[PDB]
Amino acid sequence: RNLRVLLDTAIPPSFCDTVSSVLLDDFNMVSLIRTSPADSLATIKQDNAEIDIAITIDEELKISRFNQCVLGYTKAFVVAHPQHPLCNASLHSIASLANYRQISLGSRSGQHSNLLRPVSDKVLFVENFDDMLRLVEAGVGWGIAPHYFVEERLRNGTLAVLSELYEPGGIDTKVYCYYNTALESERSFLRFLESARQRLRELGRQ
């Protein structure tokens, strides 16, 4: 009937709004929460919070009271400041990157998903992407960010990309939809999945 829905901050706005309208058509009351992917799963697991659907890039199989399925995809970029050493290098390996400071989401204390697990031994953590980019643009290091976030800075030369040999066009990242088990049998939920997936496909095409 009613729904509390979490969407992590790597899910682009177009994607969010898509999920929003589908859920508002197929459900009654809809509430949204936004969190960094580092805190996405960590949030829903709290028995205290009552989140019924959670849409995030963070991977985790067997979570209590929740299912998993794939809703769509999003693309992320390895970015650094344009005069950063790694940009004047052209060549790319994960070791070349590991010898420099990563600016990464998450808190050092705690189980870091293999997704947000820093690659460098020299890391500097942040709470959100705004802060991450503050440091990157100040040449303090390099980071991983959503496309929608850094599109602007890349258009404007503010910011470079280090991932264009690894995966041209950025790094495809699954978007998982962890759904409370009680919804498995709700035809409203199944309709939502169907419609949101179709729309997101038509959108990814564009």
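In case it trips you up, residue 1 is the first one in the sequence shown, and so on.
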**Message:** So, looking at the entry's B-factor column for Cα atoms, which has the higher mean, 31 to 39 or 47 to 55?
**Reply:** 47 to 55
**Item:** Between 72 to 80 and 120 to 128 (mean CA B-factor, as deposited), the higher
**Value:** 120 to 128
**Asked** Which one of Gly169, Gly157, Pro146, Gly143 shows the biggest C-alpha B-factor in the PDB entry?
**Response** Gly157
**Item:** CA B-factor placement of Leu6, once the chain's modelled residues are sorted into thirds
**Value:** lowest
**Prompt:** Is the Cα B-factor recorded for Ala196 in the lowest, middle or highest third of its chain?
**Reply:** lowest
**Request:** Give the position of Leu183 by CA B-factor within its chain, expressed as the lowest, middle or highest third.
**Result:** highest
**Prompt:** Of the three thirds of its chain by CA temperature factor, lowest, middle or highest, which one includes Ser64?
**Reply:** highest
